[PDB]
14 protein chains.
Amino acid sequence: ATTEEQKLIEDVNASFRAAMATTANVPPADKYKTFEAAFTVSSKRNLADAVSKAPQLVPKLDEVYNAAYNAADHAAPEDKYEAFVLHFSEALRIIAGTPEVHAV
Amino acid sequence: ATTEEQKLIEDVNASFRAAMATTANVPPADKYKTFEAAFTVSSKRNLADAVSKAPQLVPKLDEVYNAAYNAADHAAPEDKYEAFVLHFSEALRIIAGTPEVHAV
Amino acid sequence: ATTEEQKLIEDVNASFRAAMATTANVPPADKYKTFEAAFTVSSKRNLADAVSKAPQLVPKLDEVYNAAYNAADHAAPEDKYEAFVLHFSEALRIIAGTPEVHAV
Amino acid sequence: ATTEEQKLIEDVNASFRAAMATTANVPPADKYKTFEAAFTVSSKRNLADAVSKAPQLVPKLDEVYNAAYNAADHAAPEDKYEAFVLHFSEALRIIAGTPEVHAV
Amino acid sequence: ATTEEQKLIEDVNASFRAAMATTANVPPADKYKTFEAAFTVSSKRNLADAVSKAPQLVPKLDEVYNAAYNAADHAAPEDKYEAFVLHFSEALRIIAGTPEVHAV
Amino acid sequence: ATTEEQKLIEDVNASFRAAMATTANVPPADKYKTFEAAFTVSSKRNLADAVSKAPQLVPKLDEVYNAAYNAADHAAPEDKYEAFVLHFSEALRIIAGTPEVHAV
Amino acid sequence: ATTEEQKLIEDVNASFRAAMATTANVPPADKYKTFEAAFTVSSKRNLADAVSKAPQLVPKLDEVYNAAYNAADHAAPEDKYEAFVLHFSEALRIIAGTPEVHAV
Amino acid sequence: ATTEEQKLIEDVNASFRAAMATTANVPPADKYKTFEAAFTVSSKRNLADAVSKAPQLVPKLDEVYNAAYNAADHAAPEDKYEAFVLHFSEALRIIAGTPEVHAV
Amino acid sequence: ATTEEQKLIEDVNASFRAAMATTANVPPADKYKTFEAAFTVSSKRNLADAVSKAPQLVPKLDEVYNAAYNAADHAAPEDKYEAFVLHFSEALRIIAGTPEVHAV
Amino acid sequence: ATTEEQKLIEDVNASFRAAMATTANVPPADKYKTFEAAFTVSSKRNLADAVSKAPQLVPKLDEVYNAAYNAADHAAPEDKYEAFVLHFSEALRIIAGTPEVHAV
Amino acid sequence: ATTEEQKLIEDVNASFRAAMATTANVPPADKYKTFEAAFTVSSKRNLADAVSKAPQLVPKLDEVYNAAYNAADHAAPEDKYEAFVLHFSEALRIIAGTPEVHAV
Amino acid sequence: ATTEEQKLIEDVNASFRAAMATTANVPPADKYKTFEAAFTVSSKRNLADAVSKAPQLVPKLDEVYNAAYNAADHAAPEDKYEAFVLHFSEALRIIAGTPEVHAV
Amino acid sequence: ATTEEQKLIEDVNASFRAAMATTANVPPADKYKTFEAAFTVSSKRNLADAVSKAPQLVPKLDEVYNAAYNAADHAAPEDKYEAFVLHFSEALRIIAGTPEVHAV
Amino acid sequence: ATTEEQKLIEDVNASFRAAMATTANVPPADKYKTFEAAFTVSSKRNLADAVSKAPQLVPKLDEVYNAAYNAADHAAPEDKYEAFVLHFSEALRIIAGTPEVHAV
Ligand SMILES: [As]
Ligand SMILES: [As]
Ligand SMILES: [As]
Ligand SMILES: [As]
Ligand SMILES: [As]
Ligand SMILES: [As]
Ligand SMILES: [As]
Ligand SMILES: [Zn+2]
Ligand SMILES: [Zn+2]
Ligand SMILES: [Zn+2]
Ligand SMILES: [Zn+2]
Ligand SMILES: [Zn+2]
Ligand SMILES: [Zn+2]
Ligand SMILES: [Zn+2]
Ligand SMILES: [Zn+2]
Ligand SMILES: [Zn+2]
Ligand SMILES: [Zn+2]
Ligand SMILES: [Zn+2]
Ligand SMILES: [Zn+2]
Ligand SMILES: [Zn+2]
Ligand SMILES: [Zn+2]
Ligand SMILES: [Zn+2]
Ligand SMILES: [Zn+2]
Ligand SMILES: [Zn+2]
Ligand SMILES: [Zn+2]
Ligand SMILES: [Zn+2]
Ligand SMILES: [Zn+2]
Ligand SMILES: [Zn+2]
Ligand SMILES: [Zn+2]
Ligand SMILES: [Zn+2]
Ligand SMILES: [Zn+2]
Ligand SMILES: [Zn+2]
Ligand SMILES: [Zn+2]
Ligand SMILES: [Zn+2]
Ligand SMILES: [Zn+2]
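Residues numbered from 1 in each chain as written, not as in the entry; some residues may be left out. Chains lettered and ligands numbered in written order. Heavy atoms only, no water.

Deposited coordinates in this entry are attributed by the record to X-ray crystallography, at a stated resolution of 2.8 Å.

As recorded by the PDB entry, chain A carries the name Pollen allergen Phl p 6 and is attributed to Phleum pratense. Here the entry title, as the record gives it, is "Crystal Structure of PHL P 6, A Major Timothy Grass Pollen Allergen Co-Crystallized with Zinc". According to the UniProt record, the Sequence similarities comment for chain A is "Belongs to the Poa p IX/Phl p VI allergen family." (UniProt positions renumbered as here; feature names shortened; annotations may be inferred.)

Right, let's get into the side chain of F:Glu5. Residue and element names in this part refer to chain F. Its location among the elements puts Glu5 in helix α1 (residues 2-22). The buried category is assigned to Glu5, whose relative accessible area is 15%. A distance of 3.5 Å separates a polar atom in the side chain of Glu5 from a polar atom in the side chain of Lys60. Sequence-distant contacts of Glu5, defined by excluding residues within four places in its chain, comprise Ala54, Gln56, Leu57 and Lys60. (Helix = DSSP H or I, 4+ residues; strand = E, 2+ residues; numbered from the N terminus. Buried < 20%, exposed > 50% of the residue type's maximum accessible area, 1.4 Å probe, protein only. Polar contact = N/O pair within 3.5 Å; in protein donor to acceptor, adjacent residues only side chain to side chain. Contact = heavy atoms within 4.5 Å.)

On to the side chain of C:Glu90. In this fold, C:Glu90 is placed in helix α4 (residues 77-96). Despite its burial, C:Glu90 remains without a salt bridge, the nearest opposite charge being carried by C:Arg93 at 5.1 Å. Within the structure, the side chain of C:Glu90 is placed 3.4 Å from the side chain of D:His87, a separation counted as a polar contact. Those residues in contact with C:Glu90 that sit more than four places away from it in its chain are C:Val101, C:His102 and D:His87. (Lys, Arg positive; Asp, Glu negative; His and termini not counted. Salt bridge = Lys/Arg side-chain N within 4 Å of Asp/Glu carboxyl O.)

Counted by the stated rule, this structure contains 180 aromatic pairs over all chains. On the numbers, 6.0 Å between centres and 80° between planes, the contact of I:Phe39 with I:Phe84 is edge-to-face. Placement of the pair is I:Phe39 in helix α2 (residues 28-53) and I:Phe84 in helix α4 (residues 77-96), with a sequence separation of 45 residues. Residue classification places I:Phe39 among the buried residues on the basis of a relative accessible area of 0%. With a relative accessible area of 0%, I:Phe84 lands in the buried category. Taking the centre distance of 5.8 Å and the plane angle of 90° together, the rings of M:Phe39 and M:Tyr65 count as edge-to-face. Placement of M:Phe39 in helix α2 (residues 28-53) and of M:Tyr65 in helix α3 (residues 57-73) is noted, with a sequence separation of 26 residues between them. Within the aromatic cluster, the residues linked to one another by ring pairs are A:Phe16, A:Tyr32, A:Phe35, A:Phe39, A:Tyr65, A:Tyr69, A:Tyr81, A:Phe84 and A:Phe88. (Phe/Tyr/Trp six-rings, centres within 6.5 Å; stacked < 30°, edge-to-face > 60°.)

The next thing to look at is the relation of the copies chain F and chain G. Superposition record for chain F on chain G: RMSD 0.2 Å, screw rotation 180°, translation along axis 0.0 Å. Classification of the inter-copy transformation places it as that of a two-fold axis. With an isologous cut-off of 70% or more, the 95% of interface residues of chain F that recur at the interface of chain G puts this contact in the isologous class. (Least-squares fit on C-alpha atoms.)

With 26 residues, helix α2 (residues 28-53) of chain N should reach 38 Å at 1.5 Å per residue; the first-to-last C-alpha distance of 37 Å fits that figure. The largest bend along α2(N) measures about 25° and falls at N:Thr40. Residues N:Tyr32, N:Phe35, N:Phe39, N:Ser42, N:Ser43, N:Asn46, N:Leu47, N:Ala50 and N:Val51 constitute the buried set of α2(N). Packing partners of the buried residues in α2(N) comprise α3 of chain M together with α1 (2-22), α3 (57-73) and α4 (77-96) of chain N. (Expected span 1.5 Å × (residues − 1). Bend = angle between axes of the 7 residues up to and from the residue.)

As a further point, take the interface of chain F and chain G. By a frequent convention, interface size equals the accessible area lost on bringing the separate parts together. The interface is formed by 19 residues belonging to chain F together with 19 residues belonging to chain G. Across the chain F to chain G interface the summed buried area is about 1,400 Å²; carbon plus sulfur atoms make up 58%. For the chain F face of the interface with chain G, the top three residues by lost area are F:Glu63, F:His87 and F:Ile94, together amounting to 36%. Counting across the interface, chain F meets chain G through 0 salt bridges. Across the chain F-chain G interface, the total number found is 9 residue pairs in polar contact. Taken together, the elements giving at least two residues each to the side of chain F that touches chain G come down to α3 (57-73) and α4 (77-96) of chain F. (Buried area = accessible area lost by both parts, 1.4 Å probe.)

This part covers the interface of chain D and chain E. Taken together, the contact pairs 11 residues of chain D with 10 residues of chain E. For the pairing of chain D and chain E, the buried interface totals around 780 Å² over both sides, and the portion due to carbon and sulfur atoms is 59%. Inspection of the chain D/chain E interface yields 0 salt bridges. On inspection of chain D and its partner chain E, the count reaches 1 residue pair in polar contact. When contributions to the side of chain D that touches chain E are tallied by element, the ones reaching two or more residues are α2 (28-53) and α3 (57-73) of chain D. Of all the elements, α3(D) adds the most residues to the side of chain D that touches chain E, at 6 residues. A breakdown of the residues in the side of chain D that touches chain E according to their chemical character gives 5 nonpolar, 4 polar and 2 charged. (Nonpolar A, V, L, I, M, F, W, Y, C, P; charged D, E, K, R; others polar.)

Pasting the structure below:
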């Protein structure tokens with residue numbers, strides 16, 4: 001039910017956070033490309049799981065993805081990675097119904 | 001069905017944009033409280049319309065409101081207004097399924 | 001009718017009381033987050049039930065959660081849990097039309 | 001329609017705040033009954049206005065009065081006034097749909 | 001006009017009398033809790049009907065309810081039930097304009 | 001089954017072709033904006049139908065929409081409309097399994 | 001799982017890009033013929049791998065192939081090569097779920 | 001195993017023969033278009049069944065279709081229908097391992 | 001009573017698996033401590049049962065508990081939970097005489 | 001009734017931690033005096049609860065107190081407070097079966 | 001009965017004190033190692049005796065062992081030996097019900 | 001009931017008086033040590049009996065012990081034994097409700 | 001609760017210490033009677049308070065009084081006062097659960 | 001109520017009379033020690049019953065006990081028993097409100 005949706009959001013975030021980790025030792029120049037590559041893989045699995053376990057969540061997920069890709073797409077190379085991460089995490093919190101979408 | 005939801009988003013944005021306008025001629029130190037006052041009024045109408053025309057949209061609307069209010073709540077006085085507007089416009093675009101949630 | 005609303009309030013309280021129970025053995029420093037996690041799950045179900053059985057109750061419900069969450073949000077770590085429970089218990093009683101909103 | 005409700009909430013708060021003012025110079029031991037006397041008068045007008053301009057608001061209003069009245073009713077003489085004001089302020093904010101029901 | 005008010009009083013009394021009936025078999029230590037539970041349910045319906053059919057009657061209904069609840073609230077456990085019933089039946093008769101408010 | 005998917009593709013194309021029609025009498029400067037506005041409305045309905053009738057089709061649909069919007073997004077104002085239409089019809093044909101994706 | 005599909009897309013693209021390379025030194029009029037010959041070989045392997053590792057991907061792959069062969073099939077000799085490459089790269093991006101299907 | 005493949009070939013032929021039937025009462029100039037439309041629908045179902053029951057059969061099936069659509073594609077309007085039917089029937093017999101691929 | 005020992009191992013595993021379940025919706029940074037809290041409770045009961053039903057099993061049990069607590073103790077916050085579960089799972093299998101201590 | 005023991009340990013620690021808090025803004029030389037007074041009060045309640053809910057815990061509890069009181073008793077005035085706290089905290093952890101009795 | 005427990009505590013202390021003796025002429029950097037080796041041997045015997053003569057004492061014994069091993073585990077090499085001895089001696093006194101757990 | 005408590009007091013005194021007897025021949029300097037050793041043994045049994053037969057008596061018993069160990073603890077070596085005996089016997093008489101707590 | 005008992009012990013000690021004060025300026029021969037007279041008055045009040053606030057404390061209190069009166073009763077005139085004070089302060093400390101019953 | 005007090009007096013007297021009976025066959029020299037021993041046991045039970053059933057009776061009871069003990073305390077060995085019995089019965093009769101406190 002609505003449980004499936006929650007769990008999937010957890011997975012997505014996990015994949016997201018893991019891809020971010022891949023960026024640890026890569027130089028700024030390659031950070032976005034590195035993260036992006038790692039994330040694209042795990043994302044598809046997540047999206048597929050959604051398609052069969054919680055279809056209503058698919059378009060929402062597509063929206064957060066789009067939000068991050070588009071933000072980075074229009075940002076200067078140097079800001080792309082940060083632009084994506086920032087918009088993705090907030091967008092995901094919104095989709096999740098999390099009240100504090102900004103920070104601590 | 002889904003049309004009602006779209007229309008309501010339009011209304012919300014309209015109320016939002018109008019309240020922002022109330023802020024035009026005021027000095028920065030006041031812009032937030034002025035905007036907030038004007039927006040609180042029109043918001044309630046919008047939320048009520050949602051409750052009877054598209055209930056599923058209510059909790060979402062609540063999330064985009066909380067996004068904005070909470071962002072401003074934790075911001076320095078000088079940034080509150082901008083913090084609210086920025087987070088509100090984006091959160092609403094996300095809820096609307098608008099792909100470009102950042103800017104032009 | 002108005003019966004649906006009553007029943008939903010019962011459910012909400014049940015979810016609330018159950019999440020509180022989850023806090024049984026965790027040391028004070030974790031009680032809040034633990035409770036928060038358990039409650040966020042069950043809350044969504046309740047809110048969804050409201051959306052289809054008693055929409056007018058949704059905005060009221062969104063109010064109590066905010067009431068509670070905001071109270072804890074501004075409280076010192078040590079008081080957050082108690083701040084939330086206290087304000088949630090009362091806000092729900094108010095929404096329910098219960099005359100004695102404080103205690104025994 | 002929802003405008004009438006907002007306006008009435010403003011009036012109620014106004015009556016409330018004014019009665020509190022009556023408590024300005026009275027010695028702590030008589031503050032509550034002094035306040036109580038002043039507030040009982042203005043309340044009736046407000047309630048009547050509600051009955052003809054926004055009936056749905058009446059039961060909500062009767063609720064918040066009972067909330068404040070009952071809290072003070074069970075408090076020690078020395079705490080009655082504060083108990084009433086605190087619970088009334090918050091109950092009214094809840095009924096108004098105000099997200100921050102506690103403080104600044 | 002005034003017919004609606006009469007009918008509503010009938011309904012209230014009916015709900016009252018029915019809840020009292022719920023108390024039939026229960027022993028003298030539970031009668032109040034049992035009665036209270038049964039009555040709280042039916043009351044809300046009645047109050048809601050009043051809000052839309054005869055709003056002026058709402059605050060009055062609130063007064064008779066309070067009379068009864070408050071009377072029992074300050075009574076010893078053993079007397080609570082009787083205190084409530086006695087004060088409720090009379091308060092309702094008064095609100096109804098019934099000349100013999102005491103007994104046969 | 002796979003029938004639902006086919007039908008939905010038909011609907012999408014229909015909405016697309018209709019929005020294009022909205023453009024016949026507008027000169028260059030307004031063509032994209034106009035089309036975009038008309039299409040955004042009908043698209044949401046289609047996407048919603050997909051979410052409940054053929055979820056696997058959602059991400060594919062998100063793709064063609066993405067294909068089209070992005071192509072126009074990076075095109076000079078004068079070419080945006082044509083860029084969108086061209087990429088949309090082809091992407092849709094691909095998603096539909098239509099062998100001749102270019103023209104005749 | 002969905003990983004197999006991703007990997008196969010990578011392989012396909014690799015075979016594609018390699019065949020394109022074969023065209024590096026042939027004069028325009030032979031570029032297509034040359035490319036076509038080199039690509040036909042490697043394609044079969046890729047398609048076979050799909051048949052056993054990710055069957056659902058086969059019909060999609062067939063589409064992309066058809067997309068390009070058909071585009072070139074109807075193009076003037078001088079444009080055939082470019083027609084194939086353009087349509088193949090985009091069709092593959094669509095099948096891959098790549099949002100930017102056009103260019104940099 | 002190999003039974004599934006046989007059965008699917010039967011289905012395909014059935015769909016093919018049925019679509020041909022749709023062409024009976026229409027005049028030649030309309031035969032092809034009509035047949036094509038009817039066949040495109042049923043084909044997709046068949047192809048999908050193949051994807052999950054006998055993947056190795058997919059590329060083969062894609063060959064008969066290709067063979068047919070391409071034969072008609074290059075034929076004069078008047079011959080298209082016959083060109084398709086002739087090539088489809090034979091290609092399918094070849095794929096089926098039927099020794100007499102021409103006629104009786 | 002080698003039976004008693006077996007049964008106790010079952011209980012321990014049950015308590016373990018249940019505590020893990022408590023970790024179901026809590027964010028990762030909290031999983032370990034949430035799990036730890038839930039497990040510490042049920043563990044004591046199990047250990048006490050061992051003390052009176054199968055004393056020889058007590059020191060073994062303290063060993064698998066130590067194995068897990070120590071593994072997590074020296075792990076980075078992010079790995080603690082996984083470190084504990086992995087080592088506990090295996091250590092218990094070893095103590096149980098289970099030949100496949102790793103996985104499937 | 002091992003649950004009762006756990007709960008009591010929680011209470012004891014709570015009383016302990018609270019008394020420590022009483023020491024916050026008092027000058028060092030005043031610390032111990034203050035803490036001791038606050039703690040002696042709450043301790044008795046805890047011990048009494050133990051006497052009726054978990055008697056076996058009483059002598060253990062008397063051991064931690066003796067531990068702490070005696071440690072401070074033999075310490076120089078300047079070290080008494082720290083001597084008590086240090087020994088009390090560890091002794092309680094030992095009695096609780098907590099493996100890490102020293103620190104983090 | 002309780003005699004067995006006392007005797008076992010004596011044995012444990014004896015083993016402990018003997019192992020300490022082994023540390024007699026070993027250079028400081030080697031003291032903890034040496035002691036640990038000697039103590040691990042004798043400890044097992046003691047623990048086994050407990051398992052059959054006084055099982056309830058086993059879990060307690062594991063606690064004082066864990067107290068000492070953990071204290072040294074987190075101490076700088078130079079302090080490990082002293083950390084272990086200090087925490088072991090006290091933890092054992094606590095388990096024994098000895099009132100003066102610190103020194104004299 | 002209260003009988004159990006009386007009997008236990010008798011036992012305690014018996015253990016006490018017996019330990020004192022152990023001191024019969026040892027010279028003054030060692031007298032306290034000797035007595036202490038003998039008494040510590042028998043005391044534990046008595047305390048355990050109390051824990052299961054009369055828990056309320058445990059904390060009282062701890063008081064008498066404490067009273068005696070503390071009195072001797074602060075006495076000069078030469079007076080320790082006498083200090084303990086005197087305070088123990090009197091403290092025990094007080095706990096027993098014996099009116100003449102001093103002598104004959 | 002157990003709080004009442006504590007408070008009463010405080011009162012008793014206060015009355016005791018106050019009566020002692022009455023003795024400051026009286027020479028030996030009159031000291032006991034003076035103290036005795038002053039104490040007998042205040043004692044009764046204390047005992048009465050106990051009878052209604054903490055009955056279980058009465059017999060204990062009777063014990064401490066008995067200890068003091070009896071000790072003095074058998075002492076030479078010159079020692080009576082000191083005999084009473086000494087035995088009373090200790091007996092009261094015992095009844096209070098105070099560990100150091102002798103001095104500092 | 002006052003009944004409880006009466007009943008307790010009956011019990012006390014019964015215990016008293018029974019202890020006296022224990023004295024039937026012992027020689028004068030042991031009479032008082034025999035009676036005293038038997039009575040001390042049963043007295044405690046009675047006093048405890050008073051503490052929970054009729055607290056106001058405790059101090060009175062304490063007072064008669066004291067009357068009898070003290071009378072015997074100051075009597076020659078040969079008269080102790082008779083001194084106690086005589087004063088106890090009369091004292092008890094007085095406490096009971098019995099008019100003839102001397103004899104028949
Ligand atoms: As942002
Ligand atoms: As409050
Ligand atoms: As009355
Ligand atoms: As193109
Ligand atoms: As491992
Ligand atoms: As230490
Ligand atoms: As003494
Ligand atoms: Zn863009
Ligand atoms: Zn932000
Ligand atoms: Zn916040
Ligand atoms: Zn942004
Ligand atoms: Zn806030
Ligand atoms: Zn409150
Ligand atoms: Zn009340
Ligand atoms: Zn508050
Ligand atoms: Zn009241
Ligand atoms: Zn009355
Ligand atoms: Zn782009
Ligand atoms: Zn094209
Ligand atoms: Zn073609
Ligand atoms: Zn293109
Ligand atoms: Zn062709
Ligand atoms: Zn041919
Ligand atoms: Zn370690
Ligand atoms: Zn490992
Ligand atoms: Zn000491
Ligand atoms: Zn330490
Ligand atoms: Zn550690
Ligand atoms: Zn120490
Ligand atoms: Zn001391
Ligand atoms: Zn003495
Ligand atoms: Zn005497
Ligand atoms: Zn002394
Ligand atoms: Zn005397
Ligand atoms: Zn006499």
